[PDB]
Each structure stands twice: as C-alpha cells, then as structure tokens.
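Starting off, we have a lone chain in the form deposited in one PDB entry, written out as structure tokens.
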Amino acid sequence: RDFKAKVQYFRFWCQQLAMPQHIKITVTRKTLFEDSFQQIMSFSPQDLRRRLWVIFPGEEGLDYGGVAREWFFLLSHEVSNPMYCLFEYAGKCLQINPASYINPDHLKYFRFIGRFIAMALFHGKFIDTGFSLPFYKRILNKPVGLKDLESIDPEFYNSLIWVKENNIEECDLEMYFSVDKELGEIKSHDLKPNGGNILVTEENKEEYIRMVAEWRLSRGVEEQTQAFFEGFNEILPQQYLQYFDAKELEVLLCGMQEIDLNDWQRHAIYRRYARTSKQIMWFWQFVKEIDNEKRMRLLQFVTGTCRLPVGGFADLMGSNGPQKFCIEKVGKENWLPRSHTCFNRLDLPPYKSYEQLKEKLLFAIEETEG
C-alpha cells in the first residue's frame, strides 16, 4: 500500500462535503480552552464544515488573516491539561481519565473534544497531541484486544500472557467470565451471559483473555468515549477513515515529522547487544536507507507513536517514567521482530545478514505482529 495515496483520497472526500463562505472563531491565549469550547459549540456541524477564520484579538505576532494552524496547535496542548479533569497525562499521550465525573459537564466537554479532533482531520490541520494505539483503533471501528493492553497496562498483559502460554487445567486455576464493578461496595459484572458460573478452560482461555483485555481497556471511560464520538461523527463520519490503520491515522492527525538519525543513535541503549554488534550496525544502515515515511512507522512500531518530545530521544518517555529507545537480543534467525511500547524496547533476533533484517523488519512494521 501507499499512505500518500490514502491521504490524497481522504482529502478529496472532505472537499466534496465542505461548505461555502466561512465562520468567525474568536479566542484568547489566557482562557483558550473555555473560549474554544464556547465558540465551537455555538456553531452547528454544517457551519464548522465552512472555512475556519480564527483570530486571537490583542495578540502581537498574529494577524486577522487565518490563524487556525496556531489555534489547532495551541488548543491541542491545553486539551491535555489535567485541571479540566478530562485526560490523565505525563509531565513535560491522551488517556481518558475515568474520574472525569469530577467535572459535572465533562460529557459536554468530551463532545467538544470530539468535534475538535474531527475538525482537525476535515480541515487538514495538524494537532500536537495524540491518543493511545487502541484509541485510534476505536476511531477506526477496529477490534481491540490483548496486543493493545501492553501499552496501557503491561503487568495485566503479562499476567494474561502467562494464562495464554501456560496450562490452567493442569495448574487447576479458579477463573470465571466475570469481573469486579463498583459506587457503594463492589459487585460482579459478567463478561459473557451467565459468565460468573462459567469456569475458564483451555477451550475458552483465548475468549476469556480477549473479553478481559477488552474490559480493562474501557472499564470506566464508556460514557466519555460515547460522548467523544457524538461530537466526532457529527463533523466527520467515522466511515470516511475505514481504509486507514492506527499508525496512518496518527500521522494524518499529527502530520509528518523529520526524524533526526543522529539524536536517535546517540540516545539509544542496548540490551544484551553492543554499539559495535553486527545486527545493531545493520539496523542503523536500515534506518539510514528507508525514507522518513518508513522511519516514522519503525518509530511507531517500537515506541507506539511517531511524535517526539521537544528535547529529543534523551527525554523519551515510557509507561514507568523515562525510558530510552532499547534494542534487545531475543530469539533466533527464524523469529520475526517484536516490540514493547511500554518500555520502547525492540526485540531484535540475531540475524545472519542485512537483507534478512531488511526483509524481516520492513515486513514487521508494515504487516505488524499477530
């Protein structure tokens, strides 16, 4: 496939659904989030499909021509601010905070964030914020599972992988198709009908691992997600993004970024490998050979995102705080390469040649792991 062809097709569809003339959006830097909220909601969906003439009155360095790119950039930063109680963030990705009920109008704000993200896609403006890999699959109406749980909760994922790879019937483990749910006291919640009295066995352990992973990834953010998509679909229907994947949609929203190969290799750690290891040297020869379009996909495959901090690869973050890009020696030449986005760790097997690495990695970043 070709992402340039898919983006060009999607841009043509938006131009057909676009409306004539324009609308005025007046905001300020001090109260940007609330101004933007009031403004975007004051308009109708058909009005938000017209040209967005945005202004920042009394802001030196901006003019009364178009200022939508600075609005979409700056507003995307303030969306992540935890004071609004909508998203939980790491200091200096967007994960919907399950305690957003604190803000009584949180569902009204999630509809606005839904419209905001659908407006960035429609009008072809980039944002400097992004959601998790599973959340992009939610936008694309793609099925979510155990693979996507590793990014949000690695130790739950690791406990489920033990159940998948080890024999539960021999170990004789008591597990049912049911999970805990609270607000006063706590009560059981079935995963499948009458799940509570259905013991997990070898025949249905894969079904159980799926249904628990699916639950954990959306346990307390259902209404919030439902509110986000009310706002999303009334601007841009999700059907228009069906031919994209979670990695293409991220670049369609956040735009292309030139990755610095020098800053990448300088702030890269190695597990059971050296800087002078035959496979590590073939990896940087591969990164230098591929086009920036594939370098972003390789970065996404290992870290879970094409986006980088303003600092660089030294300030790269994981799930358990700061974690630099790692390349681990794992398996044999017969294996396919794997990744751990929680720790930004690439499991690179010890291949015998460069062409085997180029064929195995280029295929693993395009076809993904399954």
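Only the largest set of C-alpha atoms that superpose within 1.5 Å between the two forms is called the rigid core. For every residue, the number given is its place in the sequence shown, counted from 1.
Missing here is the form deposited in another entry; even so, the following discussion is about that form.
Quick one: with the rigid core lined up, which of 126, 84, 286, 156 moves its CA 2 Å or more between the shown form and the other one?
The residue that shifts is 286.
Superposed on the rigid core, does the Cα of residue 68 end up 2 angstroms or more away between the shown form and the other one?
Result for residue 68: no, shift under 2 Å.
Is there a C-alpha shift of 2 Å or more at residue 323 between the shown form and the other one once the rigid core is superposed?
It does, since the residue 323 C-alpha is displaced 2 Å or more between the shown form and the other one after the core fit.
Honestly, after the rigid core fit, is residue 352 moving at least 2 Å at Cα between the shown form and the other one?
Yes, the C-alpha moves 2 Å or more.
So the Cα-Cα distance between residue 48 and residue 61 shifts by 3 Å or more in the other entry; is it shorter or longer than what we see here?
Distance between the C-alphas of residue 48 and residue 61: shorter in the other entry, by 3 Å or more.
Did residue 23 and residue 61 drift closer or farther in the other entry, going by a CA distance change of 3 angstroms or more?
They are closer; the C-alpha distance drops by 3 Å or more in the other entry.
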